[PDB]
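The authors' numbering numbers the first residue of the sequence shown as 1 and each following residue consecutively.
In this text, a Cβ means the ideal position worked out from N, Cα and C, and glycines have one as well.
Structure first, then comments.
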Amino acid sequence: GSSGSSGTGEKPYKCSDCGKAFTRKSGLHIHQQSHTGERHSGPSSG
Ligand SMILES: [Zn+2]
């Protein structure tokens, strides 16, 4: 079967956007908040 028990590292979470492995579920969540990018329909540039 496929359960893991292979990856030595301790990053149970990986950003499926860029490719960054995080050890803490949060370390990633907070990182993702940045990916969302700052945009606002209009002349607003970031
Ligand atoms: Zn990312």
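Quiz item: When every heavy atom of ligand 1 is checked, does at least one fall within less than 8 Å of the C-beta of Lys-11?
Solution: The residue labelled residue 11 in the question sits at position 11 within the sequence shown. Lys-11: no, Cβ never under 8 Å from ligand 1.
Quiz item: When DSSP labels each residue in this structure, what does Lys-14 get in the three-state scheme?
Solution: By 1-based counting over the sequence shown, the position of residue 14 is 14. Of the three classes helix, strand and coil, the one that applies to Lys-14 here is strand, per DSSP.
Practice problem: Report back the beta-carbon spacing between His-31 and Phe-22 to the nearest angstrom; my notes put them in contact at under 8 Å. | Solution: Residue mapping note: residue 31 aligns to position 31 of the sequence shown, counting from 1. Residue mapping note: residue 22 aligns to position 22 of the sequence shown, counting from 1. Yes, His-31 and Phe-22 are in contact; Cβ-Cβ is about 7 Å, under 8 Å.
Quiz item: Cβ of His-40 versus every heavy atom of ligand 1: is any distance shorter than 8 Å?
Solution: Stepping through the sequence shown from its first residue, residue 40 is reached at position 40. When distances are taken from the beta-carbon of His-40 to the heavy atoms of ligand 1, even the shortest one reaches 8 Å or more.
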